[PDB]
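File shown here: start.cif, holding mmCIF, C-alpha atoms.
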```cif
data_entry
#
loop_
_atom_site.label_atom_id
_atom_site.label_comp_id
_atom_site.auth_asym_id
_atom_site.auth_seq_id
_atom_site.Cartn_x
_atom_site.Cartn_y
_atom_site.Cartn_z
CA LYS R 3 3.28 14.75 8.61
CA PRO R 4 2.16 14.44 5.00
CA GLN R 5 -1.37 13.45 4.16
CA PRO R 6 -2.04 9.97 5.53
CA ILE R 7 -3.31 7.03 3.55
CA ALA R 8 -5.58 4.27 4.72
CA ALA R 9 -5.56 1.53 2.12
CA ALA R 10 -7.77 -1.55 1.99
CA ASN R 11 -6.21 -4.51 0.22
CA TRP R 12 -9.12 -6.88 -0.18
CA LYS R 13 -6.81 -9.48 -1.73
CA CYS R 14 -8.62 -12.31 -3.46
CA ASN R 15 -11.85 -11.96 -1.56
CA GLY R 16 -15.39 -10.78 -1.95
CA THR R 17 -18.74 -11.50 -3.45
CA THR R 18 -21.02 -8.99 -5.05
CA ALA R 19 -23.32 -9.09 -2.05
CA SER R 20 -20.59 -8.70 0.55
CA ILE R 21 -18.95 -5.91 -1.39
CA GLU R 22 -22.21 -4.02 -1.81
CA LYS R 23 -22.77 -4.18 1.94
CA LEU R 24 -19.24 -3.11 2.82
CA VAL R 25 -19.18 -0.26 0.35
CA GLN R 26 -22.42 1.02 1.86
CA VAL R 27 -20.72 1.00 5.26
CA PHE R 28 -17.83 2.96 3.85
CA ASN R 29 -20.15 5.40 2.11
CA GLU R 30 -22.06 6.15 5.30
CA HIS R 31 -18.89 6.84 7.31
CA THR R 32 -18.24 10.53 7.24
CA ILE R 33 -14.53 11.28 7.31
CA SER R 34 -13.74 14.73 8.63
CA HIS R 35 -9.97 14.90 8.33
CA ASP R 36 -7.55 14.96 5.42
CA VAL R 37 -6.79 11.35 4.50
CA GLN R 38 -6.64 9.49 1.24
CA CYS R 39 -8.56 6.27 1.49
CA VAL R 40 -7.83 3.59 -1.06
CA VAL R 41 -9.74 0.41 -1.77
CA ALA R 42 -8.18 -2.32 -3.87
CA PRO R 43 -10.75 -4.87 -4.98
CA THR R 44 -10.06 -7.78 -7.23
CA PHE R 45 -10.02 -6.90 -10.90
CA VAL R 46 -13.47 -8.30 -11.56
CA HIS R 47 -14.97 -6.21 -8.77
CA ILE R 48 -13.49 -2.91 -9.86
CA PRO R 49 -16.55 -1.92 -11.94
CA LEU R 50 -18.93 -2.77 -9.12
CA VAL R 51 -16.96 -0.71 -6.66
CA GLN R 52 -16.71 2.17 -9.15
CA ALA R 53 -20.48 2.11 -9.45
CA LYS R 54 -21.26 1.98 -5.75
CA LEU R 55 -18.48 3.80 -3.91
CA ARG R 56 -19.36 7.43 -3.35
CA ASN R 57 -17.35 8.53 -0.34
CA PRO R 58 -15.22 11.39 -1.67
CA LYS R 59 -12.19 10.43 0.34
CA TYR R 60 -11.72 7.17 -1.57
CA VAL R 61 -9.96 6.15 -4.72
CA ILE R 62 -9.84 2.71 -6.24
CA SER R 63 -6.63 0.81 -6.76
CA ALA R 64 -5.69 -2.33 -8.54
CA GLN R 65 -3.83 -5.03 -6.64
CA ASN R 66 -1.35 -5.68 -9.46
CA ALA R 67 -0.80 -4.96 -13.11
CA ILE R 68 1.62 -5.55 -15.94
CA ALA R 69 3.11 -2.64 -17.83
CA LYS R 70 1.85 -3.16 -21.38
CA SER R 71 -1.06 -4.67 -23.20
CA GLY R 72 -0.50 -7.58 -25.48
CA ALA R 73 -0.22 -11.31 -25.53
CA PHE R 74 -0.29 -11.92 -21.78
CA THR R 75 -3.25 -14.21 -21.19
CA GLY R 76 -4.74 -13.69 -17.77
CA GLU R 77 -3.04 -10.44 -16.91
CA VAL R 78 -4.31 -6.88 -16.76
CA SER R 79 -2.19 -4.00 -18.01
CA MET R 80 -1.67 -0.48 -16.85
CA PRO R 81 -3.20 1.06 -20.00
CA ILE R 82 -6.29 -1.04 -19.52
CA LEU R 83 -6.64 0.13 -15.94
CA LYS R 84 -6.13 3.76 -16.90
CA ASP R 85 -8.81 3.49 -19.56
CA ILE R 86 -11.31 2.18 -17.01
CA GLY R 87 -10.46 4.98 -14.61
CA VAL R 88 -8.09 3.28 -12.18
CA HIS R 89 -4.90 5.19 -11.60
CA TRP R 90 -3.64 3.62 -8.36
CA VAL R 91 -1.89 0.29 -8.17
CA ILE R 92 -0.28 -1.82 -5.50
CA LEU R 93 2.95 -3.36 -6.70
CA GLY R 94 5.36 -5.82 -5.18
CA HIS R 95 3.10 -7.19 -2.51
CA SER R 96 4.76 -9.94 -0.54
CA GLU R 97 2.25 -12.48 -1.84
CA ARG R 98 3.34 -11.75 -5.39
CA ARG R 99 7.04 -11.75 -4.52
CA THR R 100 6.57 -15.11 -2.80
CA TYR R 101 4.02 -17.00 -4.91
CA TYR R 102 4.20 -15.35 -8.33
CA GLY R 103 7.88 -14.79 -9.02
CA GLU R 104 8.12 -11.03 -8.61
CA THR R 105 11.78 -10.28 -7.98
CA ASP R 106 13.11 -6.89 -7.04
CA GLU R 107 13.91 -6.20 -10.68
CA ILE R 108 10.40 -7.14 -11.80
CA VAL R 109 8.86 -4.95 -9.11
CA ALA R 110 11.17 -2.07 -9.94
CA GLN R 111 10.29 -2.30 -13.61
CA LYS R 112 6.57 -2.35 -12.84
CA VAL R 113 6.85 0.63 -10.53
CA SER R 114 8.83 2.59 -13.12
CA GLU R 115 6.29 1.87 -15.82
CA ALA R 116 3.38 2.73 -13.56
CA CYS R 117 4.94 6.05 -12.73
CA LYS R 118 5.57 6.80 -16.40
CA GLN R 119 1.92 6.06 -17.06
CA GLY R 120 0.71 8.44 -14.39
CA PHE R 121 -0.26 6.02 -11.65
CA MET R 122 0.02 6.52 -7.97
CA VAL R 123 1.87 3.46 -6.77
CA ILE R 124 1.89 1.73 -3.42
CA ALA R 125 5.14 -0.18 -3.55
CA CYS R 126 5.55 -2.90 -0.94
CA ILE R 127 8.77 -3.85 0.80
CA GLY R 128 9.56 -5.91 3.86
CA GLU R 129 11.71 -8.60 5.42
CA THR R 130 10.98 -12.18 6.33
CA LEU R 131 11.21 -13.62 9.81
CA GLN R 132 14.51 -15.31 8.93
CA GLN R 133 15.94 -12.02 7.71
CA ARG R 134 14.78 -10.23 10.84
CA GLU R 135 16.36 -12.85 13.10
CA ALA R 136 19.59 -12.59 11.10
CA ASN R 137 19.64 -8.84 11.79
CA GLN R 138 19.25 -8.18 8.06
CA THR R 139 16.07 -6.06 8.17
CA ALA R 140 17.76 -2.81 7.17
CA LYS R 141 19.84 -4.39 4.44
CA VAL R 142 16.77 -6.08 2.96
CA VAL R 143 14.39 -3.15 2.98
CA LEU R 144 17.04 -0.76 1.70
CA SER R 145 17.97 -3.17 -1.08
CA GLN R 146 14.32 -3.49 -2.11
CA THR R 147 13.89 0.27 -2.04
CA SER R 148 17.07 1.04 -3.91
CA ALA R 149 16.12 -1.42 -6.64
CA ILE R 150 12.95 0.60 -7.15
CA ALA R 151 14.81 3.89 -6.87
CA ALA R 152 17.29 2.90 -9.56
CA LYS R 153 14.54 3.00 -12.19
CA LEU R 154 12.92 6.28 -11.09
CA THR R 155 13.68 9.94 -11.55
CA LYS R 156 13.33 12.32 -8.65
CA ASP R 157 10.06 13.69 -10.03
CA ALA R 158 8.46 10.23 -10.09
CA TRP R 159 8.67 9.99 -6.30
CA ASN R 160 5.69 12.33 -6.09
CA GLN R 161 3.68 9.34 -7.28
CA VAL R 162 5.17 6.73 -4.96
CA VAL R 163 3.95 5.55 -1.58
CA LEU R 164 6.04 2.96 0.20
CA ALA R 165 4.38 0.28 2.29
CA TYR R 166 6.57 -1.48 4.81
CA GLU R 167 5.02 -4.84 5.61
CA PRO R 168 7.17 -7.30 7.53
CA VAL R 169 6.31 -10.60 5.98
CA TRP R 170 5.92 -12.21 9.40
CA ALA R 171 3.17 -9.72 10.23
CA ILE R 172 1.01 -10.25 7.13
CA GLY R 173 -2.12 -12.15 7.99
CA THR R 174 -0.57 -13.73 11.08
CA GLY R 175 -1.94 -11.60 13.89
CA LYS R 176 1.59 -10.70 14.95
CA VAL R 177 1.65 -6.99 14.30
CA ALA R 178 4.91 -5.13 14.55
CA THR R 179 5.20 -3.00 17.63
CA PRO R 180 5.13 0.74 17.10
CA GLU R 181 8.83 0.84 17.92
CA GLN R 182 9.69 -1.87 15.42
CA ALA R 183 7.76 -0.14 12.68
CA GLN R 184 9.06 3.31 13.48
CA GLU R 185 12.67 2.11 13.41
CA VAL R 186 12.26 0.88 9.84
CA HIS R 187 10.22 3.83 8.65
CA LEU R 188 12.85 6.20 9.99
CA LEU R 189 15.63 4.28 8.27
CA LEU R 190 13.73 4.35 4.99
CA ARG R 191 12.97 8.04 5.22
CA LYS R 192 16.60 8.81 6.02
CA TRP R 193 17.74 6.79 3.02
CA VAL R 194 15.32 8.65 0.76
CA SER R 195 16.45 11.98 2.21
CA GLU R 196 20.11 11.23 1.54
CA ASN R 197 19.81 9.42 -1.79
CA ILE R 198 16.84 11.12 -3.44
CA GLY R 199 16.29 14.44 -1.71
CA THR R 200 15.19 15.98 1.58
CA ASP R 201 12.12 17.51 -0.10
CA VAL R 202 11.10 14.09 -1.37
CA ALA R 203 11.62 12.49 2.02
CA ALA R 204 9.51 15.06 3.84
CA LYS R 205 6.50 14.46 1.60
CA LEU R 206 6.84 10.71 1.13
CA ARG R 207 4.16 8.54 2.68
CA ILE R 208 5.48 5.38 4.27
CA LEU R 209 2.68 3.10 5.32
CA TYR R 210 2.83 0.18 7.69
CA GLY R 211 0.99 -3.02 7.03
CA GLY R 212 0.76 -6.43 8.61
CA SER R 213 -2.03 -7.25 11.05
CA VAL R 214 -3.24 -3.70 11.50
CA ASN R 215 -6.60 -3.58 13.22
CA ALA R 216 -8.78 -0.87 14.68
CA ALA R 217 -7.31 -1.31 18.14
CA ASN R 218 -3.60 -1.13 17.26
CA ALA R 219 -3.82 1.45 14.48
CA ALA R 220 -3.80 4.57 16.64
CA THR R 221 -0.65 3.60 18.55
CA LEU R 222 1.14 2.90 15.28
CA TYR R 223 0.01 6.16 13.77
CA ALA R 224 1.31 8.09 16.76
CA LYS R 225 4.84 7.38 15.60
CA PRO R 226 6.43 10.21 13.65
CA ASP R 227 7.38 8.35 10.47
CA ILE R 228 4.25 6.24 9.99
CA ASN R 229 1.88 7.79 7.48
CA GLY R 230 -0.94 5.29 7.42
CA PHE R 231 -1.67 1.71 6.73
CA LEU R 232 -2.07 -0.99 4.19
CA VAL R 233 -4.71 -3.23 5.64
CA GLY R 234 -5.67 -6.73 4.56
CA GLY R 235 -7.96 -8.74 6.80
CA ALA R 236 -9.41 -5.88 8.76
CA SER R 237 -10.32 -3.98 5.60
CA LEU R 238 -13.01 -6.53 4.85
CA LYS R 239 -14.80 -5.52 8.05
CA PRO R 240 -16.65 -2.46 9.26
CA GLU R 241 -13.86 -1.65 11.67
CA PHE R 242 -11.88 -0.29 8.71
CA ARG R 243 -13.82 2.88 9.57
CA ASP R 244 -11.92 3.10 12.85
CA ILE R 245 -8.61 2.41 11.12
CA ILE R 246 -9.28 5.41 8.90
CA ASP R 247 -10.16 7.48 11.93
CA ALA R 248 -6.94 6.43 13.66
CA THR R 249 -5.06 8.60 11.15
CA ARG R 250 -6.49 11.82 12.67
#
```
As structure tokens, the full file:
Amino acid sequence: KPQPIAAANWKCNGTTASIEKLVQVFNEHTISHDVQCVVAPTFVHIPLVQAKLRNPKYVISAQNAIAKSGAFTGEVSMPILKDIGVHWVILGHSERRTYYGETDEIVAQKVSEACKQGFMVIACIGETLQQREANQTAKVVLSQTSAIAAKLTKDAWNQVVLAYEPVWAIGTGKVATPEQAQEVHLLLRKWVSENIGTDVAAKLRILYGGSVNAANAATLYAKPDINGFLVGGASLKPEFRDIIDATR
């Protein structure tokens, strides 16, 4: 397997005091294996986390961005993030697709621009409960992935991490079973192998997210095509340490 990733999506949460305490916990956890840890604070907390986070296995990610600076009140651009030292971004999270109008073509454009600007990108894909029950999971996730792929060159895939998060698993407590997740990860990896390249597919990290916790992480990671996790609720807690260690 390629190098795993354990990514903490703090979403729209945190106070300075709670973040200081949690970062201390993460700093004091010695990670002995090869894993890339990622923490994605809210924009306003990025400087605090940059100042306090010292664990060498971690990088900081933004939770969203727009491609260019300019007259976009309220938004944060990729050049602005790069200038402050952030070169990872999560794009296309279900919450943004649902609440904030991010269509496949908007996500694909953002991913393309992030790659051109040198970011590592965690690009999120996943089906809704209605799509799953209609036996459309594969069609949906492959459509979302091919929309992204259409805007990328083969070289750019070195910067891409895919995160499969069934929408019905996000925040609900209803994690996908290892078999459910593995079926989708395998389908995605096969599509990448056939449509992009077998060398790309072998090195591509495909993360699972949606109700990962420290108790279910190891049995997800045991599956051959799962390369780590994008973690929401449990990444606000000290048991994120055990999620990291489940990628051994």
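Taking CA of residue 206 (chain R) and CA of residue 126 (chain R) as the two end points, the separation is 13.8 Å.
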Show me the residues around (-8.0, 4.2, -12.3) - criterion: an atom at most 12 Å away, only C-alpha atoms counted - as an MDAnalysis selection string. chainID R and resid 40:43 45 48:49 51:52 60:65 67 79:92 116 119:123
Residue members of the PyMOL selection byres ((chain R and resi 234) around 7) in the file shown, as an MDAnalysis selection string: chainID R and resid 10:13 232:233 235:237
Just to confirm, what's the straight-line distance from CA of residue 191 (chain R) to CA of residue 171 (chain R) in Å (one decimal)? 20.9 Å
Report as a Markdown table the residues of region 20-115 of chain R within 8 Å of region 146-169 of chain R, each with its shortest atom pair and distance in Å (one decimal), using only C-alpha atoms, ordered by chain and increasing residue number.
```
| residue | atom | partner | partner_atom | distance |
| --- | --- | --- | --- | --- |
| R:96 | CA | R:169 | CA | 6.7 |
| R:106 | CA | R:146 | CA | 6.1 |
| R:107 | CA | R:149 | CA | 6.6 |
| R:109 | CA | R:150 | CA | 7.2 |
| R:110 | CA | R:150 | CA | 4.3 |
| R:111 | CA | R:153 | CA | 6.9 |
| R:113 | CA | R:150 | CA | 7.0 |
| R:114 | CA | R:153 | CA | 5.8 |
```
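Here CA of residue 133 (chain R) and CA of residue 190 (chain R) stand 16.7 Å from one another.
When the PyMOL selection byres ((chain R and resi 4) around 10) is run on the displayed coordinates, the residues it returns are residues 3, 5, 6, 7, 36, 37, 204, 205, 206, 207, 208, 227, 228, 229 and 230 of chain R.
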Neighbour list for residue 179 (chain R) as number ranges by chain, cut-off 12 Å, only C-alpha atoms, skip fewer than 2 positions in-chain: R: 168, 171, 175-177, 181-186, 210-214, 218-225
Given all atoms listed in the file as the basis, pick out the residue of R:131, R:117, R:144, R:21 nearest to residue 197 (chain R). R:144
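Between residue 19 (chain R) and the candidates R:55, R:33, R:50, R:248, the tightest atom-to-atom separation, counting all atoms listed in the file, involves R:50.
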Find the residues near residue 22 (chain R): any atom within 8 Å, counting all atoms listed in the file, skip ones fewer than 4 places away on the same chain, and give them as a PyMOL selection string. chain R and resi 18+26+51+54
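Distances here use all atoms listed in the file; by that measure, the residue among R:130, R:142, R:68, R:238 closest to residue 17 (chain R) is R:238.
Among the candidates R:188, R:39, R:27, R:172, the residue lying nearest to residue 9 (chain R) is R:39 (atoms considered: only C-alpha atoms).
Nearest-residue note for residue 97 (chain R): choosing from R:66, R:138, R:44, R:71, the minimum distance belongs to R:66, counting all atoms listed in the file.
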Take region 177-197 of chain R, bring it up to N, CA, C and O atoms, and give me the output as a CSV table (one decimal), in the coordinates of the input.
```csv
chain,number,residue,atom,x,y,z
R,177,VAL,N,1.3,-8.3,14.8
R,177,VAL,CA,1.6,-7.0,14.3
R,177,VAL,C,3.0,-6.6,14.8
R,177,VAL,O,3.4,-7.0,15.9
R,178,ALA,N,3.7,-5.8,14.0
R,178,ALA,CA,4.9,-5.1,14.6
R,178,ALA,C,4.5,-4.2,15.7
R,178,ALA,O,3.5,-3.6,15.7
R,179,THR,N,5.4,-4.0,16.6
R,179,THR,CA,5.2,-3.0,17.6
R,179,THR,C,5.4,-1.6,17.0
R,179,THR,O,6.1,-1.5,16.0
R,180,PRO,N,4.9,-0.6,17.6
R,180,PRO,CA,5.1,0.7,17.1
R,180,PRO,C,6.6,1.1,17.0
R,180,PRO,O,7.0,1.7,16.1
R,181,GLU,N,7.4,0.6,18.0
R,181,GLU,CA,8.8,0.8,17.9
R,181,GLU,C,9.5,0.1,16.8
R,181,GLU,O,10.4,0.7,16.1
R,182,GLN,N,9.1,-1.1,16.5
R,182,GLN,CA,9.7,-1.9,15.4
R,182,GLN,C,9.4,-1.2,14.1
R,182,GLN,O,10.3,-1.0,13.3
R,183,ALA,N,8.1,-0.8,13.9
R,183,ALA,CA,7.8,-0.1,12.7
R,183,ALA,C,8.5,1.2,12.5
R,183,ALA,O,9.0,1.5,11.5
R,184,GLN,N,8.5,2.0,13.6
R,184,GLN,CA,9.1,3.3,13.5
R,184,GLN,C,10.5,3.2,13.2
R,184,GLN,O,11.1,4.0,12.4
R,185,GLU,N,11.2,2.2,13.7
R,185,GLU,CA,12.7,2.1,13.4
R,185,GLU,C,12.9,1.9,11.9
R,185,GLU,O,13.8,2.6,11.3
R,186,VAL,N,12.1,1.1,11.3
R,186,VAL,CA,12.3,0.9,9.8
R,186,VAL,C,11.8,2.1,9.0
R,186,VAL,O,12.5,2.5,8.1
R,187,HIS,N,10.7,2.7,9.4
R,187,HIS,CA,10.2,3.8,8.6
R,187,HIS,C,11.2,4.9,8.7
R,187,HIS,O,11.5,5.6,7.7
R,188,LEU,N,11.9,5.1,9.9
R,188,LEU,CA,12.8,6.2,10.0
R,188,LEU,C,14.1,5.9,9.1
R,188,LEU,O,14.6,6.8,8.4
R,189,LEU,N,14.5,4.7,9.1
R,189,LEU,CA,15.6,4.3,8.3
R,189,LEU,C,15.3,4.5,6.8
R,189,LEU,O,16.2,5.0,6.0
R,190,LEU,N,14.1,4.1,6.4
R,190,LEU,CA,13.7,4.4,5.0
R,190,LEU,C,13.7,5.8,4.7
R,190,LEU,O,14.2,6.2,3.6
R,191,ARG,N,13.1,6.6,5.5
R,191,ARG,CA,13.0,8.0,5.2
R,191,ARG,C,14.3,8.7,5.2
R,191,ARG,O,14.6,9.5,4.3
R,192,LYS,N,15.2,8.3,6.1
R,192,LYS,CA,16.6,8.8,6.0
R,192,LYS,C,17.3,8.4,4.7
R,192,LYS,O,18.0,9.3,4.1
R,193,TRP,N,17.2,7.2,4.3
R,193,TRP,CA,17.7,6.8,3.0
R,193,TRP,C,17.2,7.6,1.9
R,193,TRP,O,18.0,8.1,1.0
R,194,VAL,N,15.9,7.8,1.8
R,194,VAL,CA,15.3,8.6,0.8
R,194,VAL,C,15.9,10.1,0.8
R,194,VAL,O,16.2,10.7,-0.2
R,195,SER,N,16.0,10.6,2.1
R,195,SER,CA,16.4,12.0,2.2
R,195,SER,C,17.9,12.1,1.7
R,195,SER,O,18.2,13.1,0.9
R,196,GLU,N,18.7,11.1,1.9
R,196,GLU,CA,20.1,11.2,1.5
R,196,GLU,C,20.3,10.9,0.1
R,196,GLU,O,21.2,11.5,-0.6
R,197,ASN,N,19.6,10.0,-0.5
R,197,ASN,CA,19.8,9.4,-1.8
R,197,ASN,C,18.9,10.0,-2.9
R,197,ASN,O,19.3,10.0,-4.0
```
